[PDB]
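Comments concern the structure below.
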Amino acid sequence: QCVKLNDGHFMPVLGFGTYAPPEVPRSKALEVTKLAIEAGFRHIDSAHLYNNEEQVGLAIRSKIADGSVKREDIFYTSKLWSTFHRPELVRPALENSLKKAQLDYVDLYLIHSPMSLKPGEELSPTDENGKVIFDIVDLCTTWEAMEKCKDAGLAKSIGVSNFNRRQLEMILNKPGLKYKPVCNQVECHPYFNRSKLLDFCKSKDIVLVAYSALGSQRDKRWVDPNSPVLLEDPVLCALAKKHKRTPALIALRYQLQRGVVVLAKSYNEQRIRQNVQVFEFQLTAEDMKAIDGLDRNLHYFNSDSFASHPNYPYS
Ligand SMILES: NC(=O)c1ccc[n+]([C@@H]2O[C@H](COP(=O)([O-])OP(=O)(O)OC[C@H]3O[C@@H](n4cnc5c(N)ncnc54)[C@H](OP(=O)(O)O)[C@@H]3O)[C@@H](O)[C@H]2O)c1
Ligand SMILES: COc1ccc2c(c1)c(CC(=O)O)cn2C(=O)c1ccc(Cl)cc1
Ligand SMILES: COc1ccc2c(c1)c(CC(=O)O)cn2C(=O)c1ccc(Cl)cc1
């Protein structure tokens, strides 16, 4: 149940999302990642940003030691945070993630976001007016350093996240490009299905990886309070009744059948185990077109301040 990436490696089409807000104890990450592996998840999505690589790395270590899986069975993703876009900072950032997770390599390393921020120790650098400080970096130089990370053996594959078509093309058209990004991890769900970006990605043999595929965690820091709740969508719910599944399963299956690799975050054992059932049923072609009609250009991640970033992807 994997897709072949354009560098020859394989990515499981269903991945476990690991981000949880700060109110969630860090020990939970450890617990639930073990449950996910136990439930059958093999693709695990983390990031320096998430303050959990240590716990996720431990879960993997633990499941390897008890014989449940081997390292080669696990597909582990980390991401370069935006304060580390300057080329000389890329490898050290990766090495730090590897040290935290106690891993020798990541299966996939991504540029988390094209919106570069001031280099430093703060994840969100702010000036004396409390305004977040942008940085200007040629992402092609960042990519060059990512390429060196793949050659250094520290990342089996490299890709990007939250890039738009133009931004993807800047990398694809870079003089002397060695490695195309294997994927672009972007917000993708029935209310923002990214069909045009998906088509482009396919034409370039780049995998689109969907996040907030279940409608996001509706975190107060970036959600629109008035935005509809994805999993309460009448069409999704009617399809769930028809197939005797759940709205979540319909949403995940939607992505699988359109050739999208899909992430699913849950810190709940039963929902974690429910989510792997996505391989148990099929949506009809008519089902798929019906879901396609739900698109409303709705992103669950909003930021007025970042909307003014020169590399804001949604402009
Ligand atoms: N590259 C990026 O910038 C970026 C951005 C966002 C996310 N991501 C990645 O993608 C992952 C998932 O995206 P997401 O964090 O926005 O959350 P999500 O996958 O859209 O899931 C959102 C919520 O769905 C609930 N849920 C899960 N399974 C369910 C089920 N079977 N039935 C009903 N509800 C269910 C979970 O609550 P419970 O925990 O209570 O089950 C979760 O909080 C993240 O964890 C992260 O790894 C990356
Ligand atoms: C403090 O916690 C944070 C801070 C920033 C975050 C996130 C979480 C996430 C969720 C995750 O990756 O799971 C995305 N972020 C982004 O910057 C982002 C960048 C570009 C776009 Cl278009 C959307 C989100
Ligand atoms: C504590 O460290 C961080 C780092 C990055 C953060 C944040 C917090 C927040 C929450 C807040 O600032 O209130 C948003 N961020 C983003 O970059 C962001 C950019 C674009 C979008 Cl669409 C969403 C989030």
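FYI, the numbering just counts along the sequence from 1. As the structure lists them, so they are numbered: ligands from 1, and atoms in each ligand from 1. Quick note: numbers below take in every heavy atom, side chains included, and nothing from hydrogens, waters or symmetry partners.
Using 4.0 Å as the threshold, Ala47 has no heavy atom nearer than that to any atom of ligand 2. Heavy atoms of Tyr312 stay at 4.0 angstrom or farther from ligand 2. Ligand 1 lies within reach of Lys79, whose nearest heavy atom is under 4.0 Å from it. Under the 4.0 angstrom criterion for non-hydrogen atoms, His299 is not in contact with ligand 2.
Every atom of ligand 1 is numbered from 1 in the order shown, and the set under 4.0 Å from a heavy atom of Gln274 is 30 (C), 31 (N), 32 (N). If you number the atoms of ligand 3 from 1 as listed, the ones under 4.0 Å from a heavy atom of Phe301 come out as 22 (Cl). Close approach of ligand 2 to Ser113 is summarised as follows: ligand atoms under 4.0 Å from at least one heavy atom of the residue are 19 (C), 20 (C).
Among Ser305, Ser124, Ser82, the residue whose heavy atom lies nearest to atom 1 (C) of ligand 3 is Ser124. Here atom 7 (C) of ligand 2 lies nearest to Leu49 when heavy atoms of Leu123, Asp219, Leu49, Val186 are compared. Nearest residue to atom 20 (O) of ligand 1 from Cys188, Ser216, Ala264 is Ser216 (criterion: closest heavy atom).
Residue contacts with ligand 1: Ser266 is placed with a nitrogen or oxygen under 3.5 Å of a nitrogen or oxygen of the ligand (distance criterion only). Some N or O of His112 is nearer than 3.5 Å to an N or O of ligand 2, by distance alone. Where the criterion is an N or O separation shorter than 3.5 Å, residue side chain and backbone included, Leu214 meets it with respect to ligand 1. Ligand 2 has an N or O atom lying under 3.5 Å from an N or O atom of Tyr50, backbone or side chain. The distance criterion of under 3.5 Å between nitrogen or oxygen atoms is not met by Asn268 with respect to ligand 1.
The protein heavy-atom contact nearest to atom 36 (C) of ligand 1 is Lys265 O, 3.2 Å. Of all protein heavy atoms, the one closest to atom 15 (O) of ligand 1 is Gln217 NE2, 3.0 Å. In terms of protein heavy-atom proximity, atom 28 (N) of ligand 1 is nearest to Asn275 ND2, 3.1 Å. Among all non-hydrogen protein atoms, the one lying nearest atom 8 (N) of ligand 1 is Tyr211 CB, 3.5 Å. Counting protein heavy atoms only, atom 46 (C) of ligand 1 is closest to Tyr50 OH, 3.5 Å. From the protein, the heavy atom lying nearest to atom 11 (C) of ligand 3 is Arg221 CB, 4.7 Å. Considering only non-hydrogen protein atoms, atom 40 (O) of ligand 1 sits nearest to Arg271 NH2, 2.8 Å. Here the protein heavy atom with the shortest distance to atom 30 (C) of ligand 1 is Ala248 CB, 3.4 Å. Of the protein's non-hydrogen atoms, the one nearest atom 15 (N) of ligand 3 is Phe306 CE1, 4.6 Å.
With 3.5 Å as the limit, one finds no donor-acceptor pair spanning the side chains of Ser227 and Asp224.
Salt bridge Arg253/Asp287: absent, no basic N to carboxylate O contact under 4.0 Å. Salt bridge status for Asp205 with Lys4: absent, with no side-chain N to carboxylate O gap under 4.0 Å.
Only the backbone of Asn302 comes within contact range of ligand 3, with a heavy atom under 4.0 Å; no side-chain atom does.
Geometrically, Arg296 engages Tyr191 in a cation-pi contact, judged by NZ or CZ lying under 6.0 Å from the ring centre and within 45° of the ring axis. A cation-pi contact, defined as under 6.0 Å to the ring centre and within 45° of the axis, links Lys150 to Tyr179. Under a cutoff of 6.0 Å and an axis angle of 45°, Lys156 and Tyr105 form a cation-pi pair.
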